[PDB]
Amino acid sequence: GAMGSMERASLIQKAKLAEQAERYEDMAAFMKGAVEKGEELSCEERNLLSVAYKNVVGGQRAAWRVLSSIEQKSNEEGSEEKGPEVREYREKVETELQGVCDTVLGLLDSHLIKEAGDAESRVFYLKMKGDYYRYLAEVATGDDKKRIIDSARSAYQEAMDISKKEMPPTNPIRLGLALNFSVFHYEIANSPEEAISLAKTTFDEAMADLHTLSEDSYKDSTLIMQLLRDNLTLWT
Amino acid sequence: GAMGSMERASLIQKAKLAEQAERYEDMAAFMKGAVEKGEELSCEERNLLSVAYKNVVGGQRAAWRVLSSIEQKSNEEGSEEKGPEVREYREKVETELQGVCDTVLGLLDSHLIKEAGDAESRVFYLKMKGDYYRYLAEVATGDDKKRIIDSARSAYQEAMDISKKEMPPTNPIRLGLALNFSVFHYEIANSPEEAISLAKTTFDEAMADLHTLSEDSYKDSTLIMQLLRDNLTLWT
Amino acid sequence: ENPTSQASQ
Amino acid sequence: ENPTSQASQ
Ligand SMILES: [Ca+2]
Ligand SMILES: [Ca+2]
Ligand SMILES: [Ca+2]
Ligand SMILES: [Ca+2]
Ligand SMILES: [Cl-]
Ligand SMILES: [Cl-]
Ligand SMILES: [Mg+2]
Ligand SMILES: [Mg+2]
């Protein structure tokens, strides 16, 4: 890999610089290089990895949605034929997006998840696995769409099971996992009742645990609780 | 080139899609492919070319400024030594930026400028040449910095000479040229008095010509006049 | 590049 | 990607 000659610490330092410069593709390549050094990642390093790829794939997904909407309009009644270009360019973006998702899932499988023994790391990585299968599911249309959905579901479910046994209800990783699994139910699995029930129960259990927290931890947890509330307000 | 197999019209269509998707690197590659077909560009096509590369290089310049500022802080009295990484990554971004500028200048030299005979196209392309030499000048520090500055100046000057002979004072291309040449004087050539004088004279001559315009042309011209005014307010 | 529009985190 | 901060057009 092109980062094989760079020190692990230098890769982490440059990932942080790339974040400050809003150069998220560089940031992701630096963190990919750091992961490929073969050592486990610290809490801060896991978050750098997540931030980098979230921004890269987030932009690809936003572009894909723009192009898919144009493509759908072109297929309505009365739309003038414009040739293959819209489909071609949506496919190009889609393929690039799938490639990034495959890269992230490859890092998780070789070998981040299998070495991750603490709840905070294992849940973090399993949530990522669910997220990137969910992004694949958003664009899937063929023989494997159901298997892609079930891969997302399975990763989220394992993360939920660990997080409920090993973390308090206000833990930000647990909360962000529940938020995204609830979005999976609503947006991917055609299960809006499950999405609402999960978001509400997660919110209420966290509310009841806030009294145990410092001011800084309270701020961290309530921020994500507000995201659960925003979704419930949108969905109900 | 990787776009050699795609129809010119398809490249233009996909450039417009990439703009809607905010995929400016794709947009630039599509327009580069269109230019390399060897036909002259229409007014709309010239603007697509400019928009694409302005966004690509604009983001690189913003990143370079972030990194250069961090690098400068690291060289102050009392800053802890952190190794070569900041310099290395600033150099990486700088090199990528210079490569994009060289690509644009190459398109202008092979062969957009030499075929451009109408004032609107010739001034447009010469302004671009000035702009991309100005971006090179912003990061230049060696034996050729003066020659890079003079290349920017020379391109702007030829564009100004044509625009004053061949275009009305409210022409948006003429106005945007004068705006950017005034910024060249202020930011690159250490000539703030020249920058202010050019901006003021450009503004005043355009003001006196507004009465000749339709409502839509008036809107186009006053928008750029406001940018001249904003700079004068900042500079005086 | 991540938008702010999505329901996820 | 072009910022809005610069004095140029
Ligand atoms: Ca080492
Ligand atoms: Ca371990
Ligand atoms: Ca052809
Ligand atoms: Ca010609
Ligand atoms: Cl394409
Ligand atoms: Cl580097
Ligand atoms: Mg029709
Ligand atoms: Mg010290």
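Just follow the structure's listing: the first ligand is 1, and inside any ligand the first atom is 1. Chain letters run A, B, ... following the sequence lines, proteins first, then strands; residues in each count from 1. No hydrogens, no waters, no symmetry mates; every other heavy atom, side chains included, goes into these values.
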Practice prompt. Check whether any N, O or S atom of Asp118(B), backbone or side chain, sits closer than 3.0 Å to the Ca ion (ligand 4).
Written response: no

Practice prompt. Give a yes or no on whether a salt bridge exists between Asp131(A) and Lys127(A), defined as a side-chain N under 4.0 angstrom from a carboxylate O.
Written response: yes

Practice prompt. Test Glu71(B) against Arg90(B) for salt bridge (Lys or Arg N to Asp or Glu O under 4.0 Å), laying out the working first.
Written response: CA-CA 8 Å; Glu71(B) 188 180 14; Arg90(B) 188 272 297 159; 2.7 Å; yes

Discussion item. Test your reading of the model: is there a side-chain donor-acceptor pair from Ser154(B) to the backbone of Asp150(B), 3.5 Å cut-off?
Written reply: no

Worksheet item: Restricting to N, O or S atoms of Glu115(B), which is nearest to the Ca ion (ligand 4)?
Response: O

Practice prompt. For the Ca ion (ligand 1), find the closest N/O/S atom on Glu7(A) and give its atom name.
Written response: OE1

Worksheet entry | salt bridge (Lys or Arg N to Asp or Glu O under 4.0 Å) assessment of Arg23(A) paired with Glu96(B) | CA-CA 12 Å; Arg23(A) 295 265 300 195; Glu96(B) 184 193 292; 3.0 Å; yes

